[PDB]
Each structure stands twice: as structure tokens, then as C-alpha cells.
Amino acid sequence: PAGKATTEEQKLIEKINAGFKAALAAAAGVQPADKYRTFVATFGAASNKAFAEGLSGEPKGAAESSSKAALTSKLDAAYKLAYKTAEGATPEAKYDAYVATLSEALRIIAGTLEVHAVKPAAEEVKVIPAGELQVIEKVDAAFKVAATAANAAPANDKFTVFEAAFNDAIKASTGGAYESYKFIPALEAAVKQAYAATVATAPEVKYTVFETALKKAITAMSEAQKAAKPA
């Protein structure tokens with residue numbers, strides 16, 4: 001699990017620079033001669049060292065050489081292509097241009113070997129479901145003032161009071177937060193039954209159903225705090 005992020009190529013590409021610098025750096029400061037032999041002959045050793053240090057297999061992937069082929073094919077291609085151009089390049093600056101050419105070719109490889117994942121909207125959890133359940137404490141309490149102050153109704157407006165405090169009390173205390181019965185899903189649908197039930201129901205528990213189901217439903221949701229039954 002996330003054992004390693006970088007790879008031998010990506011990781012090594014930073015080390016080969018030192019080998020190359022030893023050769024490229026040695027190119028200048030020396031006599032007009034011997035500057036050519038080292039640039040071509042020292043590169044052989046420098047590239048061999050990285051390759052000799054990039055020894056990897058990774059049987060997990062089907063690729064065995066293709067992964068390293070990209071590094072060497074492009075690396076040698078630019079090197080040989082960059083040098084080859086020097087032969088045709090204008091003697092006005094064929095050597096400086098030649099050396100500069102690799103650096104760019106060599107630098108871009110670091111940009112082409114980048115994972116390049118970029119996955120907008122990877123689907124992340126905005127909020128933990130375990131929380132926001134505690135607020136049920138107030139909901140259960142605030143429910144009382146809805147039950148009594150409603151009961152005082154003369155058999156009229158009784159619901160209105162609930163719809164008043166239920167929608168208000170929840171929002172009024174927390175106006176700037178969860179403005180609407182959403183803090184805990186299921187209510188939006190489950191509540192809807194209330195109007196589907198308190199219309200055609202036996203004439204005896206018409207209110208009791210409303211009192212019992214709401215309290216009962218909210219209680220079940222109470223057990224959620226104990227355990228959210230996580231995978």
C-alpha cells in the first residue's frame with residue numbers, strides 16, 4: 001500500500017545529472033583539444049553508470065525493456081540527434097547549440113516522465129456521516145415543545161404548530177447551518193408519509209401515529225451514533 005511513489009527512472013534521472021555534469025562540466029576549462037574526446041568518450045561511461053545503476057526488472061508488469069527503452073531511446077536519440085545536427089549546423093555556433101540542444105531534450109524528459117494523473121472530481125467525502133448525528137439530541141428535545149404546544153391546539157392548527165416549530169425551531173436555532181431538514185437524510189421522504197398517513201387512517205391513533213412514528217423513526221436513527229455500521 002503506497003510502498004513507493006517514485007520509480008527508478010524518475011528517481012535515477014536526478015542522479016544521472018551528476019554523471020553528465022562531470023563530463024559536460026569537464027568540456028569547458030580544458031585545452032581546445034581533448035575537449036571532443038571526453039565529450040564523446042566520457043559520455044559512454046556516464047550513460048553506462050546510470051544504466052548500470054538503473055538495474056530493475058519488475059516482473060509484475062509485462063514490460064521489461066520497453067519501460068527503460070523510452071528513457072534510453074529518447075536519451076540516446078537526442079544525444080546522437082543533437083550531435084548529428086552539429087555536423088550540418090552552421091560553424092557559427094554548432095558546438096554551443098549542440099550542447100544546449102541536449103539540455104532541453106534532457107530537461108523535457110523530466111516533464112514527460114511525470115505521472116500526469118489529473119483526475120478532477122475523484123469523488124471524495126464532503127463530510128463524515130458518523131457526525132451530524134449528535135444534533136439528534138436537540139431534535140429529540142425540541143420535539144417536546146412541539147408536542148405540548150401543539151396538544152394545546154383545540155383540534156385545529158395542531159399540524160401547523162409542528163410545521164411551524166419543526167421547520168423553524170430546527171432552522172431558527174441553526175439559521176446559518178443546515179437551513180432545511182437535510183442534516184439527516186430519510187426524513188425528507190419518511191416525513192412525506194406523515195401527510196400520506198394522517199389523511200386516511202383509523203380514527204383513534206391519528207395523532208398517536210404522528211407522535212409514535214416520528215419519535216420511533218428518530219430513535220432508530222439514534223442507534224446510528226453507537227455504530228454507523230461501517231464496511
# chains A, B, ... in the order shown; residues from 1 in each chain; ligands from 1
call {"tool": "select_by_dssp", "arguments": {"residues": "segment 96-185 of chain A", "states": "alpha helix (DSSP H)", "output": "ChimeraX atom specification"}}
result
/A:96-112,136-151,158-173
call {"tool": "write_last_selection", "arguments": {"atoms": "N, CA and C atoms", "output": "CSV table (one decimal), in the first residue's frame"}}
result
chain,number,residue,atom,x,y,z
A,96,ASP,N,28.1,25.2,-29.3
A,96,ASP,CA,27.3,25.7,-28.2
A,96,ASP,C,25.8,25.2,-28.4
A,97,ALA,N,25.3,25.4,-29.6
A,97,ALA,CA,24.0,24.9,-29.9
A,97,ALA,C,23.8,23.4,-29.6
A,98,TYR,N,24.9,22.7,-30.0
A,98,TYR,CA,24.8,21.2,-29.8
A,98,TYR,C,24.6,20.9,-28.3
A,99,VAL,N,25.4,21.5,-27.5
A,99,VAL,CA,25.4,21.2,-26.1
A,99,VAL,C,24.0,21.7,-25.5
A,100,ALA,N,23.6,22.8,-25.9
A,100,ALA,CA,22.3,23.4,-25.4
A,100,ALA,C,21.2,22.5,-25.8
A,101,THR,N,21.3,21.9,-27.0
A,101,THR,CA,20.2,21.1,-27.6
A,101,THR,C,19.9,19.9,-26.6
A,102,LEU,N,20.9,19.2,-26.1
A,102,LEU,CA,20.7,18.1,-25.2
A,102,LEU,C,20.0,18.6,-24.0
A,103,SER,N,20.5,19.6,-23.3
A,103,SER,CA,19.9,20.1,-22.1
A,103,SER,C,18.4,20.3,-22.2
A,104,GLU,N,17.9,20.8,-23.2
A,104,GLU,CA,16.5,21.0,-23.4
A,104,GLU,C,15.8,19.6,-23.6
A,105,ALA,N,16.5,18.8,-24.4
A,105,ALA,CA,16.0,17.4,-24.7
A,105,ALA,C,16.0,16.6,-23.4
A,106,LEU,N,17.1,16.8,-22.6
A,106,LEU,CA,17.3,16.2,-21.4
A,106,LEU,C,16.4,16.7,-20.3
A,107,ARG,N,16.0,18.0,-20.3
A,107,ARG,CA,15.1,18.6,-19.3
A,107,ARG,C,13.7,18.1,-19.5
A,108,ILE,N,13.2,18.1,-20.8
A,108,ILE,CA,11.9,17.8,-21.1
A,108,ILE,C,11.5,16.3,-20.7
A,109,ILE,N,12.5,15.4,-20.7
A,109,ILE,CA,12.2,14.1,-20.3
A,109,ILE,C,11.7,14.0,-18.8
A,110,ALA,N,12.2,15.0,-18.0
A,110,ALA,CA,11.7,15.1,-16.6
A,110,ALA,C,10.3,15.5,-16.6
A,111,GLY,N,9.8,16.1,-17.7
A,111,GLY,CA,8.4,16.6,-17.8
A,111,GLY,C,7.5,15.6,-18.4
A,112,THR,N,8.1,14.7,-19.2
A,112,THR,CA,7.3,13.7,-19.9
A,112,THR,C,7.2,12.4,-19.1
A,136,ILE,N,-29.1,15.1,16.8
A,136,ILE,CA,-30.3,14.5,17.1
A,136,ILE,C,-30.7,14.7,18.6
A,137,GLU,N,-29.8,15.1,19.4
A,137,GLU,CA,-30.1,15.3,20.8
A,137,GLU,C,-31.0,16.5,20.9
A,138,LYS,N,-30.7,17.6,20.2
A,138,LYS,CA,-31.6,18.8,20.3
A,138,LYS,C,-32.9,18.5,19.6
A,139,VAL,N,-32.9,17.7,18.5
A,139,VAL,CA,-34.1,17.4,17.7
A,139,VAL,C,-35.1,16.7,18.6
A,140,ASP,N,-34.6,15.7,19.4
A,140,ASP,CA,-35.4,14.9,20.3
A,140,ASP,C,-36.0,15.9,21.3
A,141,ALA,N,-35.2,16.7,21.9
A,141,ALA,CA,-35.6,17.6,22.9
A,141,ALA,C,-36.7,18.6,22.3
A,142,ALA,N,-36.2,19.4,21.3
A,142,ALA,CA,-37.1,20.4,20.7
A,142,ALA,C,-38.4,19.8,20.3
A,143,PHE,N,-38.5,18.5,20.2
A,143,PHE,CA,-39.7,17.8,19.7
A,143,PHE,C,-40.8,18.0,20.8
A,144,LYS,N,-40.3,18.1,22.1
A,144,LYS,CA,-41.3,18.2,23.2
A,144,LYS,C,-42.1,19.5,23.1
A,145,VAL,N,-41.5,20.6,22.9
A,145,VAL,CA,-42.2,21.9,22.8
A,145,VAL,C,-43.1,21.9,21.6
A,146,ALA,N,-42.9,20.9,20.7
A,146,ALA,CA,-43.8,20.8,19.5
A,146,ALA,C,-45.0,19.9,19.9
A,147,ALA,N,-44.8,19.0,20.8
A,147,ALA,CA,-45.8,18.1,21.2
A,147,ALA,C,-46.9,18.7,22.1
A,148,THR,N,-46.4,19.4,23.2
A,148,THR,CA,-47.3,20.1,24.1
A,148,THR,C,-47.9,21.3,23.5
A,149,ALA,N,-47.1,22.2,23.0
A,149,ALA,CA,-47.7,23.5,22.5
A,149,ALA,C,-48.6,23.1,21.3
A,150,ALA,N,-48.5,21.9,20.8
A,150,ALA,CA,-49.4,21.5,19.7
A,150,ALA,C,-50.7,20.9,20.3
A,151,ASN,N,-50.5,20.1,21.4
A,151,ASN,CA,-51.6,19.5,22.1
A,151,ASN,C,-52.6,20.5,22.6
A,158,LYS,N,-53.2,22.1,14.8
A,158,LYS,CA,-52.3,21.2,15.5
A,158,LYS,C,-51.0,20.9,14.7
A,159,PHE,N,-51.3,20.5,13.4
A,159,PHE,CA,-50.2,20.3,12.5
A,159,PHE,C,-49.3,21.5,12.3
A,160,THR,N,-50.0,22.6,11.9
A,160,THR,CA,-49.4,23.9,11.6
A,160,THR,C,-48.3,24.2,12.7
A,161,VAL,N,-48.7,24.0,14.0
A,161,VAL,CA,-47.7,24.3,15.0
A,161,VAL,C,-46.5,23.4,14.8
A,162,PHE,N,-46.6,22.1,14.5
A,162,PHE,CA,-45.5,21.3,14.3
A,162,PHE,C,-44.7,21.8,13.1
A,163,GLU,N,-45.4,22.0,12.0
A,163,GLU,CA,-44.8,22.5,10.8
A,163,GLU,C,-44.1,23.9,11.0
A,164,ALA,N,-44.6,24.6,12.1
A,164,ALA,CA,-44.0,25.8,12.4
A,164,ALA,C,-42.7,25.7,13.2
A,165,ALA,N,-42.8,25.1,14.4
A,165,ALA,CA,-41.6,24.8,15.2
A,165,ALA,C,-40.7,23.8,14.6
A,166,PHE,N,-41.2,22.8,14.0
A,166,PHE,CA,-40.4,21.7,13.5
A,166,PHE,C,-39.5,22.3,12.4
A,167,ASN,N,-40.0,23.0,11.4
A,167,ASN,CA,-39.2,23.6,10.4
A,167,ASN,C,-38.5,24.9,10.9
A,168,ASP,N,-39.1,25.6,11.8
A,168,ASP,CA,-38.5,26.8,12.4
A,168,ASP,C,-37.5,26.4,13.5
A,169,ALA,N,-37.9,25.8,14.5
A,169,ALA,CA,-37.0,25.5,15.7
A,169,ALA,C,-35.7,24.9,15.2
A,170,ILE,N,-35.8,24.0,14.2
A,170,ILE,CA,-34.5,23.4,13.7
A,170,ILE,C,-33.7,24.5,13.0
A,171,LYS,N,-34.3,25.3,12.1
A,171,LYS,CA,-33.6,26.4,11.4
A,171,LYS,C,-33.3,27.6,12.3
A,172,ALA,N,-34.3,28.0,13.1
A,172,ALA,CA,-34.1,29.2,13.9
A,172,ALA,C,-32.9,29.1,14.8
A,173,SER,N,-32.7,28.0,15.5
A,173,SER,CA,-31.5,27.9,16.4
A,173,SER,C,-30.3,27.9,15.5
call {"tool": "closest_atom_pairs", "arguments": {"of": "segment 69-182 of chain A", "to": "segment 188-204 of chain A", "cutoff": "10 Å", "atoms": "only C-alpha atoms", "output": "JSON lines"}}
result
{"residue": "A:159", "atom": "CA", "partner": "A:198", "partner_atom": "CA", "distance": 9.9}
{"residue": "A:180", "atom": "CA", "partner": "A:188", "partner_atom": "CA", "distance": 9.7}
{"residue": "A:181", "atom": "CA", "partner": "A:188", "partner_atom": "CA", "distance": 6.8}
{"residue": "A:182", "atom": "CA", "partner": "A:188", "partner_atom": "CA", "distance": 7.1}
call {"tool": "closest_residue", "arguments": {"among": "A:38, A:208, A:222, A:47", "to": "residue 75 of chain A", "atoms": "only C-alpha atoms"}}
result
A:47
call {"tool": "residues_around", "arguments": {"residues": "segment 113-117 of chain A", "least_positions_apart": "4", "cutoff": "12 Å", "atoms": "only C-alpha atoms", "output": "list in words"}}
result
residues 5, 6, 7, 8, 9, 10, 11, 12, 13, 67, 68, 70, 71, 74, 106, 107, 108, 109 and 122 of chain A
call {"tool": "write_last_selection", "arguments": {"atoms": "N, CA, C and O atoms", "output": "PDB file, in the first residue's frame"}}
result
ATOM      1  N   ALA A   5       6.432   5.839  -4.183  1.00  0.00           N
ATOM      2  CA  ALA A   5       5.777   6.775  -5.100  1.00  0.00           C
ATOM      3  C   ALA A   5       6.623   6.967  -6.354  1.00  0.00           C
ATOM      4  O   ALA A   5       6.119   6.884  -7.474  1.00  0.00           O
ATOM      5  N   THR A   6       7.913   7.224  -6.156  1.00  0.00           N
ATOM      6  CA  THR A   6       8.828   7.426  -7.274  1.00  0.00           C
ATOM      7  C   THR A   6       9.287   6.089  -7.843  1.00  0.00           C
ATOM      8  O   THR A   6       9.105   5.041  -7.222  1.00  0.00           O
ATOM      9  N   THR A   7       9.891   6.135  -9.028  1.00  0.00           N
ATOM     10  CA  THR A   7      10.399   4.937  -9.699  1.00  0.00           C
ATOM     11  C   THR A   7      11.895   5.081  -9.959  1.00  0.00           C
ATOM     12  O   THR A   7      12.463   6.156  -9.772  1.00  0.00           O
ATOM     13  N   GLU A   8      12.534   3.995 -10.382  1.00  0.00           N
ATOM     14  CA  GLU A   8      13.969   4.030 -10.650  1.00  0.00           C
ATOM     15  C   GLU A   8      14.294   5.043 -11.746  1.00  0.00           C
ATOM     16  O   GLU A   8      15.286   5.755 -11.654  1.00  0.00           O
ATOM     17  N   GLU A   9      13.446   5.125 -12.763  1.00  0.00           N
ATOM     18  CA  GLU A   9      13.689   6.091 -13.837  1.00  0.00           C
ATOM     19  C   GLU A   9      13.549   7.513 -13.306  1.00  0.00           C
ATOM     20  O   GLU A   9      14.460   8.327 -13.424  1.00  0.00           O
ATOM     21  N   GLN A  10      12.389   7.795 -12.737  1.00  0.00           N
ATOM     22  CA  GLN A  10      12.110   9.126 -12.206  1.00  0.00           C
ATOM     23  C   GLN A  10      13.095   9.462 -11.100  1.00  0.00           C
ATOM     24  O   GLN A  10      13.566  10.591 -10.991  1.00  0.00           O
ATOM     25  N   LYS A  11      13.390   8.478 -10.275  1.00  0.00           N
ATOM     26  CA  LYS A  11      14.324   8.675  -9.170  1.00  0.00           C
ATOM     27  C   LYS A  11      15.770   8.812  -9.664  1.00  0.00           C
ATOM     28  O   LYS A  11      16.519   9.661  -9.182  1.00  0.00           O
ATOM     29  N   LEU A  12      16.160   7.954 -10.608  1.00  0.00           N
ATOM     30  CA  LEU A  12      17.526   7.959 -11.147  1.00  0.00           C
ATOM     31  C   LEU A  12      17.821   9.179 -12.028  1.00  0.00           C
ATOM     32  O   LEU A  12      18.933   9.708 -12.007  1.00  0.00           O
ATOM     33  N   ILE A  13      16.843   9.593 -12.822  1.00  0.00           N
ATOM     34  CA  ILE A  13      17.032  10.725 -13.733  1.00  0.00           C
ATOM     35  C   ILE A  13      17.642  11.925 -13.006  1.00  0.00           C
ATOM     36  O   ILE A  13      18.222  12.811 -13.636  1.00  0.00           O
ATOM     37  N   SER A  67       9.880  -0.164 -20.823  1.00  0.00           N
ATOM     38  CA  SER A  67       9.847   0.901 -19.826  1.00  0.00           C
ATOM     39  C   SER A  67      11.161   1.684 -19.847  1.00  0.00           C
ATOM     40  O   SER A  67      11.165   2.914 -19.786  1.00  0.00           O
ATOM     41  N   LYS A  68      12.272   0.957 -19.940  1.00  0.00           N
ATOM     42  CA  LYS A  68      13.597   1.576 -19.978  1.00  0.00           C
ATOM     43  C   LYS A  68      13.941   2.029 -21.394  1.00  0.00           C
ATOM     44  O   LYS A  68      14.792   2.897 -21.593  1.00  0.00           O
ATOM     45  N   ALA A  70      12.140   3.728 -23.395  1.00  0.00           N
ATOM     46  CA  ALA A  70      11.749   5.121 -23.564  1.00  0.00           C
ATOM     47  C   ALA A  70      12.849   6.054 -23.069  1.00  0.00           C
ATOM     48  O   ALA A  70      13.165   7.055 -23.712  1.00  0.00           O
ATOM     49  N   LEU A  71      13.427   5.714 -21.924  1.00  0.00           N
ATOM     50  CA  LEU A  71      14.492   6.522 -21.347  1.00  0.00           C
ATOM     51  C   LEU A  71      15.740   6.515 -22.223  1.00  0.00           C
ATOM     52  O   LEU A  71      16.327   7.566 -22.483  1.00  0.00           O
ATOM     53  N   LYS A  74      15.000   7.802 -26.147  1.00  0.00           N
ATOM     54  CA  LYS A  74      14.933   9.249 -26.230  1.00  0.00           C
ATOM     55  C   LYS A  74      16.262   9.871 -25.822  1.00  0.00           C
ATOM     56  O   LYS A  74      16.708  10.850 -26.421  1.00  0.00           O
ATOM     57  N   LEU A 106      17.091  16.848 -22.617  1.00  0.00           N
ATOM     58  CA  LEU A 106      17.316  16.176 -21.351  1.00  0.00           C
ATOM     59  C   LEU A 106      16.369  16.692 -20.264  1.00  0.00           C
ATOM     60  O   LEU A 106      15.969  15.945 -19.376  1.00  0.00           O
ATOM     61  N   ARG A 107      16.028  17.979 -20.332  1.00  0.00           N
ATOM     62  CA  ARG A 107      15.137  18.575 -19.333  1.00  0.00           C
ATOM     63  C   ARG A 107      13.681  18.144 -19.533  1.00  0.00           C
ATOM     64  O   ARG A 107      12.972  17.859 -18.569  1.00  0.00           O
ATOM     65  N   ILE A 108      13.235  18.125 -20.788  1.00  0.00           N
ATOM     66  CA  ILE A 108      11.851  17.758 -21.100  1.00  0.00           C
ATOM     67  C   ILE A 108      11.524  16.333 -20.662  1.00  0.00           C
ATOM     68  O   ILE A 108      10.372  16.033 -20.348  1.00  0.00           O
ATOM     69  N   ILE A 109      12.515  15.447 -20.656  1.00  0.00           N
ATOM     70  CA  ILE A 109      12.247  14.067 -20.267  1.00  0.00           C
ATOM     71  C   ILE A 109      11.687  14.040 -18.847  1.00  0.00           C
ATOM     72  O   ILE A 109      10.828  13.224 -18.519  1.00  0.00           O
ATOM     73  N   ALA A 122     -12.553  13.379  -8.107  1.00  0.00           N
ATOM     74  CA  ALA A 122     -12.186  11.994  -7.838  1.00  0.00           C
ATOM     75  C   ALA A 122     -13.228  11.321  -6.950  1.00  0.00           C
ATOM     76  O   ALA A 122     -13.109  10.139  -6.637  1.00  0.00           O
TER      77      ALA A 122
END
call {"tool": "residues_around", "arguments": {"residues": "residue 183 of chain A", "least_positions_apart": "3", "cutoff": "12 Å", "atoms": "only C-alpha atoms", "output": "MDAnalysis selection string"}}
result
chainID A and resid 127:136 139 170:171 174 177:180 186:188
call {"tool": "atom_distance", "arguments": {"atom1": "atom CA of residue 81 of chain A", "atom2": "atom CA of residue 49 of chain A"}}
result
21.3 Å
call {"tool": "atom_distance", "arguments": {"atom1": "atom CA of residue 48 of chain A", "atom2": "atom CA of residue 21 of chain A"}}
result
14.3 Å
call {"tool": "closest_residue", "arguments": {"among": "A:16, A:224, A:120, A:211", "to": "residue 45 of chain A", "atoms": "only C-alpha atoms"}}
result
A:16
